[PDB]
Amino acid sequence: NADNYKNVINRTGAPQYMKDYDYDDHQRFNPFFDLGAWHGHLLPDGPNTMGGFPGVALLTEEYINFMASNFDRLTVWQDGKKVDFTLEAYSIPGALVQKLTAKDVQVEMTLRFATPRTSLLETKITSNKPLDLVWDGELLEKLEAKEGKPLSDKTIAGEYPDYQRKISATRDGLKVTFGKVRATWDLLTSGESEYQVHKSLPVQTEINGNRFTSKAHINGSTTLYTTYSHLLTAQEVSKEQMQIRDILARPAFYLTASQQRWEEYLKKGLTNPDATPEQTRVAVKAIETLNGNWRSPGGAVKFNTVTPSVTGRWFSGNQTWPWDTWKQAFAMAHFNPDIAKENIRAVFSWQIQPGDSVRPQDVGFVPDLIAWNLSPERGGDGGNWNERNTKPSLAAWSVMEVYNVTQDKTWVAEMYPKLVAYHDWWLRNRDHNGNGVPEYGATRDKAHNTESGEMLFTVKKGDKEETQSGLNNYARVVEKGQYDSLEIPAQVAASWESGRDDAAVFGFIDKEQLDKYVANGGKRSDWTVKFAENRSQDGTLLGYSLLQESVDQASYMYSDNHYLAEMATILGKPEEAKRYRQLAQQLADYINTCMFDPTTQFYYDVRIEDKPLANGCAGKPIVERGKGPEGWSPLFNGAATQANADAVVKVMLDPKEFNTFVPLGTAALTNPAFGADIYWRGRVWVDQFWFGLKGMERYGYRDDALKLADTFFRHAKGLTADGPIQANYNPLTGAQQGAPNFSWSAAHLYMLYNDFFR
């Protein structure tokens, strides 16, 4: 029952600005979203907002933007006396509720979602006498603030002259229309988008500029219904009208469908009732978060999907990442498999096909970031769409988990060839030395190379920045050492392809950290990253590889290969299943032979050296760049031998390595490029944390994993409070950072609830 989990996240707030941002530019409030809808609602915070759900949050294609503070707020009049109500407002999973109580009149307002575009408000009025109902609303004026404090005195209309917001009135309520705004990083509307209000009774709505007042008279106790719809195109507007009429014709049907759908999420999802109440509350927060971040089909993304955070400054709209998705779907398989499936379909719906106009050399490539708007390269105007890189291979894992739950063979038959094609891309475009062990790298892309296909790089000495191109020129520069630093877009993308932006093993290290490394006897050239172009025998530039095979991706391709094998078996494709088992086995041999360092007792990426080693390995483990979470990837993925795993686990548990106040961060404390404030060189992310716990368990160390899980639960800050879930933690102090309502934190906090919280 949803009513046991009230106010799991604080969803109160009265937005005063379109961008009512917190310190890191995320909307500092947490609206309720559901059914994949494109608008959200907040609870009133007091007297000023009661009678309404303030802060209509709109998802304007790729961003979250508030529309109004008070919109369709009820005040009730009884024979010319304004009823002074007492307020009680709360959220539960799948609803907002507010109760207005006075002596003679009471109102109970219940807000759920009814469709992918429409929320449904039940306004249940109890009264002896007839009443006069007044609803009011007012569009926001001010643009931007941080922590409530204005960033400028700019207005919404000033900044977006074509936004030109107008309220109109309909034969059963009212609508806000919006002009076309193509503000790449802020606000994207089609010019046909609307916010529609329809009601089950006639109302008399008057409009004065950017506010309205609607009136109605009722003869006494009655239940009213209101729909709120953010409709983003004309096609959506037309298509939704019959939905709205069915909703208002049979509102009970939709309330019950929301009630039931949510009972089902909690029933399916809450499988560890022995968890502490606060742990259980964390799982519910996670479920609320993941479902809040679910977006129904929109623009270029023709499937339901889940973004990393609906309130996130760069994560909102339907902006979708692959490895985020794999993790999200894996978790969501257990309580909302329908959308788990969709999320995965959404990512693969933009897998590169033969004959692709932009990058035919990348067949099977899965884009890093898809969203409502295609990039200019594909005829859209989206600034977020990204095909510089993909993310790591956790896709078959995610698909198999959905299959584990649903036992739906049609799912496996649907996903198998997409997974095959993805596997095939890695081996074709990310395996420079042809040894079947992939590298991270970078696509042919305007961020990475010149039109003529020469790799870009920038040399910096003092205040001189010197932009250049060509791998051979890059090689000569690197050897000579006549620079302070280098910025290499293909290096950035390779690190983005691992998902661990700026991680040490990809050669990312601060000036002062590198100096100290060299002073301690290290060679500066130990951190130099090398690259090679991957060309088809016909000359075609397929992309760039770091001259480096990464242990995480090898390990992920390992398990991915096993899941392909199981799917092949399920689909009666015994030869293909054979091939994938043998490929897996080869990878495991290479992981253990090449990537394991028995001396430091850890796994590392290897260099592709100029000559392969005598054992066939492309190069030595890159021990000198330090230890990271990629070191237990072989364990999470089952590639490791027991002895290698035993060794890795001692390192994981070591306080001078990864056994920190919040343990298992993204670089060990001994990593020369460590920083507690650095996302992927020290901060603790819940995915990597959980992958380590799973790795440990798989090789017999579940008891130790439980204690790390307990330590994490006691130390990771804000976990038992009512704040939104964020992305990562300071390993030393446990302070939270990163986007609020962060999906894969929710996914993995949920899996921890399921797998490791006791």
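Don't overthink the numbering: it's just position in the shown sequence, from 1.
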As the entry reports it, the stretch among 316 to 324 and 452 to 460 with higher mean C-alpha B factor is 452 to 460
Higher avg CA temperature factor (422 to 430 vs 511 to 519, as deposited) belongs to 511 to 519
Among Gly94, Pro438, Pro337, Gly173, the highest C-alpha B-factor in the PDB entry belongs to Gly173
Scanning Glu497, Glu288, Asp552, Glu575 for peak Cα temperature factor in the entry gives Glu575
Of the three thirds of Cα B-factor ranks in this chain, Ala747 occupies the lowest
Of the three thirds of Cα B-factor ranks in this chain, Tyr474 occupies the highest
Tertile call for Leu143 (CA temperature factor, within chain, third-based) is the highest
In terms of its chain's C-alpha B-factors, the third that includes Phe658 is the lowest
Tertile call for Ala169 (CA temperature factor, within chain, third-based) is the highest
